[PDB]
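>>> Here is my input, please return the structure:
(one chain, ligands or ions: 3)
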Amino acid sequence: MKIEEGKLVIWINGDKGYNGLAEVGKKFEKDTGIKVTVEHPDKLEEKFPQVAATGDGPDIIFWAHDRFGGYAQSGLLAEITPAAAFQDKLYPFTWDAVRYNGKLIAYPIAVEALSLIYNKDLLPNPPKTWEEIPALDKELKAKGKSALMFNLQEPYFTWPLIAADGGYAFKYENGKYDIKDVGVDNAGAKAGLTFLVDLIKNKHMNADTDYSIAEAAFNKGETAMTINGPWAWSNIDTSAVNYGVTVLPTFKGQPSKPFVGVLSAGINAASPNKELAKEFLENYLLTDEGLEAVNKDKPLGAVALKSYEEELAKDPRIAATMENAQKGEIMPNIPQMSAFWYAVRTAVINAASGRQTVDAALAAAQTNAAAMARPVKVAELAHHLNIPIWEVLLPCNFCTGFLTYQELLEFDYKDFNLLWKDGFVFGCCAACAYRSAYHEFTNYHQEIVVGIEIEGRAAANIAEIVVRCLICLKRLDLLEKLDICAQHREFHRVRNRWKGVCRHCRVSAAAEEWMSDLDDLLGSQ
Ligand SMILES: OC[C@H]1O[C@H](O[C@H]2[C@H](O)[C@@H](O)[C@@H](O[C@H]3[C@H](O)[C@@H](O)[C@@H](O[C@H]4[C@H](O)[C@@H](O)[C@@H](O)O[C@@H]4CO)O[C@@H]3CO)O[C@@H]2CO)[C@H](O)[C@@H](O)[C@@H]1O
Ligand SMILES: [Zn+2]
Ligand SMILES: [Zn+2]
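Numbers count the residues shown, from 1 in each chain. Ligands and ions are numbered 1, 2, ... in the order given. Here you go:
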């Protein structure tokens with residue numbers, strides 16, 4: 001479905017000040033007459049790339065900067081072009097986190113970092129090292145309480161300990177990041193995760209402790225310490241708990257390295273209100289009047305606005321937030337970060353629950369992260385290899401030839417997908433492309449429809465149906481499909497896929513693997 005013009009729909013995570021932002025949306029409504037609707041769906045960071053690719057989705061997407069690069073690579077975000085004076089209104093390093101391929105793709109909002117939150121009534125002077133926490137918990141068990149309870153279901157909360165001794169996501173030496181080099185199955189990461197598992201072995205922590213269980217246990221004085229961010233400061237105030245925000249403990253003397261997140265706001269590429277959403281994000285809801293209103297509901301930490309960050313720089317809770325931030329490192333915004341987080345989430349959960357040893361869980365995370373971040377397009381492959389496209393030597397999957405430079409560019413032009421077999425990567429040459437389309441169309445042809453009849457047969461609008469050229473396999477754009485409708489021409493259903501003629505073209509066991517390889521070549525979308 002298409003987005004309604006004249007209305008702003010904003011998606012933001014549930015643990016943020018969405019009520020504090022909805023009140024700012026009404027201030028923009030009093031001056032412009034445009035209602036600003038906020039929504040906090042579950043798994044919005046995953047549902048957004050599902051619906052933004054079909055033109056649907058909200059107008060503004062709120063998340064930490066690590067996810068936006070994947071949205072920009074998929075062509076889901078609109079380029080942010082602020083004024084030269086507006087870029088100096090915010091800190092320069094916050095803009096570096098929202099730049100992808102030399103282009104601003106989001107608005108920096110606030111810098112987030114984990115910190116050690118403890119109950120001062122139940123723990124004076126928290127420990128400076130993780131190693132003395134088992135001894136500290138044994139004393140509090142006699143008092144009927146526990147020492148530390150934080151979220152163990154999201155790797156964001158456990159990564160400070162894992163990265164303290166050598167664990168890293170993607171290694172960056174001199175230029176960019178190294179996708180093939182992931183630092184999850186190293187000696188330092190195995191040490192950090194082992195200490196976390198032994199904490200669960202000795203009944204000092206519970207593997208099923210999530211976000212709300214660790215929050216309720218700290219908002220009721222049941223546990224002494226809890227690791228969380230600035231957004232969870234308001235729930236502790238309403239619970240009347242004398243707490244403190246201090247530095248995270250160290251492991252092997254080395255300080256914990258939390259992954260620093262810059263909350264950002266991106267504009268949907270299919271939004272009919274790009275200028276309306278830009279006016280809200282820039283002038284009439286980002287200044288000190290807007291950031292202060294959102295901070296009332298859920299605190300944001302060290303904001304990116306200079307005129308407002310100095311008014312809270314002397315905050316003891318925010319001062320420690322920046323101390324853990326400098327001892328950590330900023331999250332990459334590369335599209336491969338989703339593969340990293342998915343692999344580490346499984347590793348921590350499987351290790352904590354005892355389903356895998358720490359060694360096996362981290363070894364599999366290394367393999368899974370690389371296997372999920374592997375290039376799908378020729379351009380991505382050349383960038384992965386840090387070589388120009390014409391230096392790529394890509395075997396064809398369907399014959400013994402290697403692709404020419406033109407065939408390499410045509411591979412991505414026709415929206416093909418790289419094939420991975422036995423470690424080798426494969427493409428498809430021009431002759432095999434046309435040869436596969438002919439065999440597919442002359443052996444698996446199912447039905448014919450005339451123009452707009454495809455919408456009923458496919459149960460989808462013409463814009464949302466994936467149609468490829470029955471001759472050259474290229475993906476048809478919206479105008480090619482509408483032209484077939486206007487000219488009353490034929491759409492064909494072949495191998496449960498829809499085919500047509502692009503504006504440019506005119507006219508047993510070995511075959512099953514052939515047609516199976518063609519499925520992976522064309523993909524689902
Ligand atoms: O089991 C599948 C799970 O998938 C969903 O969560 C995923 C996300 O899709 C990924 O984006 C990633 O999440 C990262 C996140 O990208 C990163 O910003 C950071 O998130 C912080 C955030 O910065 C901070 O502002 C605050 O909101 O806390 C967040 C962490 O709780 O770290 C995340 C990694 O933990 O990886 C997770 C999966 O690990 C989906 O939301 C899950 O429900 C689902 O189970
Ligand atoms: Zn070939
Ligand atoms: Zn064609």
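
>>> and the helix or strand where residue 71 lies, what does it pack onto?
Taking DSSP states H and E as the definition, one finds residue 71 inside helix 68-73. Judged by 3 or more Cβ pairs under 8 Å, 6 or more residues apart in numbering; DSSP states H and E, the packing partners of helix 68-73 are helix 44-52, strand 259-267, helix 337-352. C-beta coordinates here come from the backbone N, C-alpha and C atoms, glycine included.

>>> Following that helix in sequence, what is the next regular element?
Using DSSP H and E, the helix or strand that follows helix 68-73 towards the C-terminus is helix 84-87.

>>> Pull out the CA atoms of that following helix and give them to me as CSV.
Extracted as CSV, the C-alpha positions of helix 84-87 are listed here (Å, rounded to 0.1, in the frame of the first residue of the first chain):
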residue,chain,number,x,y,z
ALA,A,84,25.9,24.5,5.9
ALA,A,85,25.0,26.4,9.0
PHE,A,86,22.8,23.5,10.3
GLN,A,87,25.6,21.0,10.0
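
>>> residues in contact with that helix?
With Cβ atoms under 8 Å, 6 or more residues apart in numbering as the test, helix 84-87 has contacts from 95, 282.

>>> returning to that earlier point: the helices and strands packed on helix 68-73: which one's closest to residue 226?
helix 337-352 (16.7 Å; Cβ to Cβ).

>>> Output the helices and strands packed on helix 68-73 as TSV; include the columns distance to ligand 3 and mean neighbour count.
Conversion of these to TSV gives the following (distance: least, Cβ to the ion, whole Å; neighbours: other Cβ atoms under 10 Å):
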stretch	distance to ligand 3	mean neighbour count
helix 44-52	27	17
strand 259-267	33	25
helix 337-352	33	22
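
>>> any chance of these in a markdown table, plus distance to residue 185?
Output for the helices and strands packed on helix 68-73, formatted as a markdown table (distance: least, Cβ to Cβ, whole Å):
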| stretch | distance to residue 185 |
| --- | --- |
| helix 44-52 | 26 |
| strand 259-267 | 18 |
| helix 337-352 | 9 |
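
>>> can you pull the contacts of the residue nearest to the spatial centre of the chain?
Most central in the chain under Cα atoms, centre = their mean is residue 67, positioned 2.8 Å from the mean C-alpha point. With contact set as Cβ under 8 Å, 6+ apart, residue 67 has these partners: 45, 333, 337-338.

>>> export the residues you listed to JSON lines and tack on distance to residue 213?
Output for these, formatted as JSON lines (distance: Cβ to Cβ, whole Å):
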{"residue": "45", "distance to residue 213": "22"}
{"residue": "333", "distance to residue 213": "31"}
{"residue": "337", "distance to residue 213": "27"}
{"residue": "338", "distance to residue 213": "26"}
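
>>> Nearest to residue 441 among those?
residue 338 (35.6 Å).

>>> so what's residue 191 closest to, chain neighbours aside?
residue 165 (4.7 Å; Cβ to Cβ, 6 or more residues apart in numbering).

>>> need the strands for the stretch 101-250 of the chain, in chain order.
For the stretch 101-250 of the chain, the strands defined by DSSP state E, counting those that start in this stretch occupy 107-112, 115-119, 146-148, 168-170, 182-183, 223-228, 243-246, 250-251.

>>> Off-centre distance for the next helix or strand along the chain from the last one?
Meaning strand 250-251. As assigned by DSSP H and E, the chain's next helix or strand after strand 250-251 is strand 254-255. The chain centre lies 27 Å from the centre of strand 254-255; the measure is Cα atoms, centre = their mean, to the nearest Å.

>>> Strand 254-255 - contacts with which helices or strands?
Under the contact rule (3+ Cβ pairs under 8 Å, 6+ apart), strand 254-255 is packed against no helix or strand.

>>> and the gap between residue 208 and residue 4?
Noted for residue 208: a distance of 41 Å to residue 4, by Cβ to Cβ, to the nearest Å.

>>> Report the spatially closest residue to the residue in the stretch 1-150 of the chain that ligand 2 sits nearest to, excluding sequence-adjacent ones.
In the stretch 1-150 of the chain, the residue that lies nearest ligand 2 is residue 73 (27.5 Å; Cβ to the ion). With sequence-adjacent residues excluded and distances taken as Cβ to Cβ, 6+ apart, residue 73 is closest to residue 335, at 4.5 Å.

>>> just checking, the one you found is part of a helix?
No - with DSSP: H, G, I helix; E, B strand; the rest coil as the criterion, residue 335 is coil rather than part of a helix.

>>> sorry, back to before: what's the offset of the helix holding residue 71 from the middle of its chain?
The answer for helix 68-73 is 8 Å, by Cα atoms, centre = their mean.

>>> Around ligand 2, which positions in the stretch 251-400 of the chain sit nearby?
Taking Cβ under 5 Å from the ion as the contact definition, the stretch 251-400 of the chain meets ligand 2 at 396, 398-399.

>>> Which one, of the strands of the stretch 101-250 of the chain, ends up nearest to ligand 1?
Proximity to ligand 1 (Cβ to the nearest ligand atom) singles out strand 107-112 among the strands of the stretch 101-250 of the chain, at 5.0 Å.

>>> Give the buried residues for that closest one.
Applying a neighbour-count criterion of 16 or more other Cβ atoms under 10 Å, one finds 107-112 buried in strand 107-112.

>>> is it possible to export the residues you listed to CSV including distance to ligand 2?
Compiled in CSV, the buried residues of strand 107-112 are given as follows (distance: Cβ to the ion, whole Å):
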residue, distance to ligand 2
107, 46
108, 47
109, 49
110, 51
111, 50
112, 49
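
>>> quick one: which of those residues is nearest residue 329?
residue 111 (12.6 Å).

>>> quick check, the helix holding residue 71 touching ligand 1?
No - using Cβ under 6 Å from any ligand atom, helix 68-73 stays clear of ligand 1, with a minimum separation of 8.6 Å.

>>> ok, back up a step: kindly write the ChimeraX command that selects the buried subset of the residues of the stretch 251-400 of the chain next to ligand 2.
A single ChimeraX command selects the buried members of these (16+ other Cβ under 10 Å):
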select :396,398
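
>>> Turn the residues of the stretch 251-400 of the chain next to ligand 2 into TSV, including secondary structure and distance to residue 514.
Listed next are those as TSV, based on DSSP: H, G, I helix; E, B strand; the rest coil; distance: Cβ to Cβ, whole Å:
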residue	secondary structure	distance to residue 514
396	strand	13
398	coil	7
399	coil	11
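
>>> how does the chain divide into domains?
Structural domains assigned to the chain are 8-112+261-330, 115-257+336-372, 377-525, following automatic domain parsing.

>>> do you know how far residue 373 is from residue 393?
21 Å.

>>> Of those two, which one has the most company?
residue 373 (23 against 8; other Cβ atoms under 10 Å).

>>> Can I get stretch 184-201 in CSV? Just the C-alpha atoms.
The C-alpha trace of stretch 184-201 is given here as CSV (Å, rounded to 0.1, in the frame of the first residue of the first chain):
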residue,chain,number,x,y,z
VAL,A,184,34.2,-13.0,17.3
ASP,A,185,36.2,-16.3,17.6
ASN,A,186,39.4,-14.9,19.0
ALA,A,187,41.0,-15.5,22.4
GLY,A,188,39.8,-12.2,23.9
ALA,A,189,36.1,-12.8,23.0
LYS,A,190,36.3,-16.4,24.3
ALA,A,191,37.5,-15.0,27.6
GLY,A,192,34.8,-12.5,28.1
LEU,A,193,31.9,-14.8,27.1
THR,A,194,33.4,-17.6,29.3
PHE,A,195,33.2,-15.3,32.4
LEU,A,196,29.6,-14.5,31.6
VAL,A,197,28.7,-18.2,31.3
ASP,A,198,30.5,-19.0,34.6
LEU,A,199,28.5,-16.3,36.2
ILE,A,200,25.4,-18.3,35.1
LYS,A,201,26.9,-21.6,36.1
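
>>> what's that stretch in contact with?
130-131, 133-134, 158, 161-169, 183, 205-207, 251-252, 340, 343-344, 347-348, 351-352, 354, 358-359, 361-363, 365-366, 369.
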